[PDB]
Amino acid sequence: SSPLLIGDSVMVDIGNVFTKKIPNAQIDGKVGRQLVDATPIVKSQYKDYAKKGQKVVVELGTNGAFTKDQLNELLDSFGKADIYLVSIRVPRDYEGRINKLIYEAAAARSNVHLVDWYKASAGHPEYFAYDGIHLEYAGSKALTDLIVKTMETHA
């Protein structure tokens, strides 16, 4: 079945690279999307992805901070799906606090599988454009492969 990928400008950056690799992927990316605004979209549009055996990728936080309660509300809205939750790398004061939330949710939830982009990209300045937000094409290819590899192997 088709995986759902939902996120912010980072999802926009990787969406076509991802679809070329995984042709039936469903991409929902939006520049500037805040995590709290994803939950109403999931609850109203993506109920059929919130089921056992479905796969969803969550790519949020680069374009804005969120809280633990907000993240819990989004993760709960995906039900029994396997959720691939991507850590963020962005030159913002909230980066560490939000990644802590992401690591903690992946630790505590058996259906949340960490995609640790923060750690994987530590040695790769060439993945990041000068604004610290846009991924260079090489970064989008690398993040795509990292997500796919995580989905093929799980938590």
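Each residue number is its position in the shown sequence, starting from 1.
>> I need to verify one thing: averaged over C-alpha atoms only, is the B-factor higher for 48 to 56 or for 116 to 124?
In response: Comparing 48 to 56 with 116 to 124, the higher mean C-alpha B-factor belongs to 48 to 56.
> Mean C-alpha B-factor higher for 101 to 109, or for 88 to 96?
Replying inline: Higher mean C-alpha B-factor: 88 to 96.
> Which listed residue, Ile22, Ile147, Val12, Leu135, has the largest C-alpha temperature factor in the record?
Replying inline: The C-alpha B-factor peaks, among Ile22, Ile147, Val12, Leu135, at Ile22.
> Going by the entry, which third of its chain does the Cα temperature factor of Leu4 land in?
Replying inline: According to the entry, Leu4 has a C-alpha B-factor in the chain's middle third.
>> Going by the CA temperature factor in the PDB record, which third of the chain does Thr39 belong to: lowest, middle or highest?
In response: Answer is highest: the recorded C-alpha B-factor places it there.
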